[PDB]
Amino acid sequence: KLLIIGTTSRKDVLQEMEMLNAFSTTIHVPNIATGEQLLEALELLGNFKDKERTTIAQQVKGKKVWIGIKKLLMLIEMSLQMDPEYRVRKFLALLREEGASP
Amino acid sequence: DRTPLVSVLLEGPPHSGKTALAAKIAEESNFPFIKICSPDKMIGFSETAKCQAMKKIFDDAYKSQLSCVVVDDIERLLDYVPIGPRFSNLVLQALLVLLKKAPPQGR
Ligand SMILES: [Mg+2]
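Those protein sequence lines, which keep their order, are chains C and D.
Throughout, PDB author numbering is defined as the position within the first sequence, counted from one, plus 638.
Throughout, PDB author numbering is defined as the position within the second sequence, counted from one, plus 531.
Here it is, written out as structure tokens:
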């Protein structure tokens, strides 16, 4: 027997070369869309907690977001280098400048 | 005997069985010499190597009394890719010449 698993990030181009007949099926890996999923990811990653979490929710529940999961292990670790008073604001600003095309 | 050389082309959509209806005709012919020149035994070759291999497989068919040869998946022998388009010229020329070269007398 055998089994081949290939990973690609640009499906249309591969479809143009007639390389989507060779493969026998296809799976789709999505991104974080709903705010609740982002909150769950933050809860499980072990980061801002207590009132901080609350305020984030207050500003994020009434809107849609679009962010990958390898890009949310950098924003957390890029907004932790400030003083312990503006971390939340910097995280929100970075998400706003990143969460494009909701 | 007016025509010592013949040819045929099997065409259809993809995934339909045009390599198991072309081996069962050759098998049920009971000819002495039968060969299959497929594209999976020459992974990575350049143009000249493919030309030499094709020439050898055809030459070994000129030294019998009556023979059959199968060229399956043509469009992969001469690399094709819709972008461009791109492909190999030497292999196409070798093919276009080898389909009109009558074998020695009486074969
Ligand atoms: Mg085939």
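Don't be surprised by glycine CBs; every beta carbon is placed ideally from N, CA and C.
In angstroms with no decimal places, state the Cα-to-Cα distance between residue i and residue j.
{"i": "C/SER647", "j": "C/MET657", "result": "14 Å"}
{"i": "C/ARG691", "j": "C/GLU736", "result": "20 Å"}
{"i": "D/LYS587", "j": "C/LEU652", "result": "35 Å"}
{"i": "C/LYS689", "j": "C/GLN696", "result": "11 Å"}
Hey, is residue i's beta-carbon within less than 7 Å of any beta-carbon in chain C?
{"i": "D/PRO570", "result": "no"}
{"i": "D/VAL602", "result": "no"}
{"i": "D/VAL539", "result": "no"}
{"i": "D/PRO545", "result": "yes"}
{"i": "D/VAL612", "result": "yes"}
For residue i, which residues of its own chain have a beta-carbon under 6 Å away from its beta-carbon, when the five flanking residues on both sides are left out?
{"i": "D/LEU623", "result": "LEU609"}
Does the CB of residue i have a neighbour CB from chain D at under 7 Å?
{"i": "C/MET655", "result": "yes"}
{"i": "C/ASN669", "result": "no"}
Excluding five sequence neighbours on each side, which residues of the same chain lie with their C-beta closer than 7 Å to the C-beta of residue i?
{"i": "D/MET585", "result": "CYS568 and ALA625"}
{"i": "C/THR693", "result": "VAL726"}
{"i": "C/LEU677", "result": "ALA695"}
{"i": "D/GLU578", "result": "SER619, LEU621 and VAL622"}
Give me, in chain order, the residues of the same chain whose beta-carbon lies closer than 8 Å to that of residue i; leave out the 5 immediate sequence neighbours on both sides.
{"i": "D/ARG617", "result": "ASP610 and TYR611"}
{"i": "D/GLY543", "result": "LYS549"}
**OP:** Report yes or no: do three or more beta-carbon pairs, one from the stretch 705-712 of chain C and one from the stretch 537-554 of chain D, lie closer than 8 Å?
**Re:** no
Subject >> Contact between the stretch 567-586 of chain D and the stretch 596-609 of chain D (3+ Cβ pairs under 8 Å) >> reply: yes
Original post:
Touch check for the stretch 557-564 of chain D and the stretch 587-598 of chain D: three-plus C-beta pairs under 8 Å?
Top reply: yes
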